[PDB]
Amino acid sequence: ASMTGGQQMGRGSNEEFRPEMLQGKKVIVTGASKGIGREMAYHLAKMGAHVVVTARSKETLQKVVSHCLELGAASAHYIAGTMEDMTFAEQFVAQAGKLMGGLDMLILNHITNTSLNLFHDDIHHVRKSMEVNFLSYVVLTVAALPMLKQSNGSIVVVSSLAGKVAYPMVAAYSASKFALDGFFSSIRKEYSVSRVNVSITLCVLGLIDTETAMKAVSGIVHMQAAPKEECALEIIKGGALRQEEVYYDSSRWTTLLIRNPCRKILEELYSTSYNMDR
């Protein structure tokens, strides 16, 4: 280790992913006790990364940590708690960073439990979706930024197609995913002009075969689900490659139409217009 030195990221490292890119990297994965979160932890362990996983369930998190170590994780730990608690969110990052001796990648993936329903008067679900799905991500980012700045790290935000286009029956959920795009895309512009070398990856996912999603859509929505294992790897790759956005869905139509080149053109036109050095 003391007699070793160099870099994994040279020519082509912005285009071609290699699992060696995550070897020895210090990664946090939230909502990692099941679904996409757990699959990402598993891929990270296999690549030789140090991982800290979180979710509310201590028992489920223990099993993820055990399997991570079996897979070849440089180190694997968990810290259990609710992302409804902003104090837990803030303290969780401080512990996790101490546990690894820094932080290279922050993977923000948890959501509050959501079922498909027409919106009528559930303001409690609207507020909780905004607190858990959005506000806790901002709190985690603030807590992690000093460590990510020291490592020229990465923030990976797990979003949805419902965070880019309108879908009925997910109004609160969709509001919170759209809010993530607005917030993280704005700070990405700020980091660029402020020369903060921390990348931000927004992951736009279609239906994924997680137990929660398959149960929730049953008899309501009839869509093709994509495999969770492949989903989880594509999220990691986008993060490691420092891509601004990752798109992952079963439909070839989606991948063909989801990009918004006019938004990118407008942002470039507006990019000069302001005097931000004030």
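The numbering used is simple: start at 1 and walk along the sequence shown.
Peer 1: Please compare 127 to 135 with 95 to 103 and name the stretch with the higher mean C-alpha B-factor in the deposited structure.
Peer 2: Mean CA B-factor is higher for 95 to 103.
Peer 1: Tell me which stretch has the larger mean Cα B-factor in this entry, 37 to 45 or 54 to 62.
Peer 2: Mean CA B-factor is higher for 54 to 62.
Peer 1: Using the entry's values, work out which of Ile187, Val196, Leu140, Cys203 has the largest Cα B factor.
Peer 2: Going by the entry's C-alpha B-factors, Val196 comes out highest.
Peer 1: Can you pull the Cα B-factors for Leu71, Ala162, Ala144, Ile208 from the entry and say which is highest?
Peer 2: By C-alpha B-factor in the record, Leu71 ranks first.
Peer 1: Is the Cα B-factor recorded for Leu256 in the lowest, middle or highest third of its chain?
Peer 2: As the PDB entry reports it, the C-alpha B-factor of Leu256 lands in the middle third of its chain.
Peer 1: Would you mind ranking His67 by its C-alpha B-factor against the rest of the chain and naming the third, lowest, middle or highest?
Peer 2: It falls in the top third of the chain.
Peer 1: Can you work out whether the C-alpha temperature factor of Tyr78 puts it in the lowest, middle or highest third of the chain?
Peer 2: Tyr78: CA B-factor falls in the highest third of its chain.
Peer 1: Is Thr112 in the lowest, middle or highest third of its chain when residues are ranked by C-alpha B-factor?
Peer 2: Lowest third, going by the recorded CA B-factors of the chain.
Peer 1: Should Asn152 be placed in the lowest, middle or highest third of its chain by the C-alpha B factor in the entry?
Peer 2: As the PDB entry reports it, the C-alpha B-factor of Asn152 lands in the highest third of its chain.
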